[PDB]
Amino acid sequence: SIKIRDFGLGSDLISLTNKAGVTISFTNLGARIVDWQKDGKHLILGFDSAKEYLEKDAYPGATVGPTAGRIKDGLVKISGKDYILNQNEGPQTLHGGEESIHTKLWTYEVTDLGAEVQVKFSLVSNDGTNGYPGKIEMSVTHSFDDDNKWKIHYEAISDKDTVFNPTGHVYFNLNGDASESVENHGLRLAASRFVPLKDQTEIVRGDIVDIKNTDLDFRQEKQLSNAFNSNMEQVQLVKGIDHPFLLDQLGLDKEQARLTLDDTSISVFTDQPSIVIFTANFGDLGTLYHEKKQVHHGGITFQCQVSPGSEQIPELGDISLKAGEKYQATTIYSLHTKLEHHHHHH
């Protein structure tokens, strides 16, 4: 079933319940996921109204872009030309600049396919918005089906050569409580390399490093605590994880990551080459989620996209988008129960 109601400030909340009783909800403010529950338990982080997002943290569950991540000095090269984008983090352009797409009300239409329900959000980024050549006609379709798969499908076409590499900013916390650290979760991730950051500004260092057999190696499932407790330079730098991991094998058909807690698992599939993992390294900020003070490490993202830093590390990819060319990207998060045995204590 599908339900809709005002979510505040003119945004709406679209709630779907599939045949298995699982419910998931989205808002057109930032074409974002607001909640995902199983048996009354929140699987992700979210707020209860639109205003909270605007006042507390606008990123959670949002669609971010046009370019996700940081671009050093806000400088990109588009068809031999240098362009400077809005700089909202020091000289850096983070997540598309200020008052970006995650802060706008997108229009939308719901399509009921029975076993699947699609919520297609649309927005036009005008030419020159935040320094980006356009216009860019974007759409993000969020769908949920009877198989417990939440899929995000992105599409875009620009009138001019530009750059495009958006992502989905959901945070998971299988504890269903922000005040509980995700160090108790098990993580499997099919990636043998990562992109180190230069320093506190978080721009890329310039090299790609092999992480096999270090505390960041999750090719074989291990608890997140292993990473959090690590004193490896990079972990200490950011007080957790806040990095792009390069997938070893590409393709929508492969389970790239799996996050488990007891009997619940979330599997990640995508057609993108990297996954930026940020573990809510907010220290004592304590943003309130459902009246619970969020803890350091109280959430984890799996932002699938082309890795940030390609400006400096060309091997990472090319995010350019040619005029008239159709962009597409697909990321899927699937929920499972008793996929494996995970019985630990922390």
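Throughout, we count residues from 1 along the sequence that is shown.
- Set 21 to 29 against 323 to 331 and average the Cα temperature factors; 323 to 331 ends up higher.
- Once the C-alpha B-factors are averaged per stretch, 209 to 217 and 181 to 189 rank with 209 to 217 first.
- Set against one another, the Cα B-factors of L123, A227, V110, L94 in the record reach their highest point at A227.
- Per the PDB record, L75 has a higher Cα B-factor than any other of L75, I157, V163, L246.
- Remark: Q312 belongs to the highest third of its chain, ranked by C-alpha B-factor as recorded.
- Per-chain ranking of the deposited C-alpha B factor places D35 in the lowest third.
- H42: CA B factor lies in the lowest third for its chain, per the PDB record.
- Ranked against the other modelled residues of its chain, the C-alpha B-factor of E89 as given in the entry falls in the middle third.
- Sort the chain's modelled residues by C-alpha temperature factor and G131 lands in the lowest third, per the entry.
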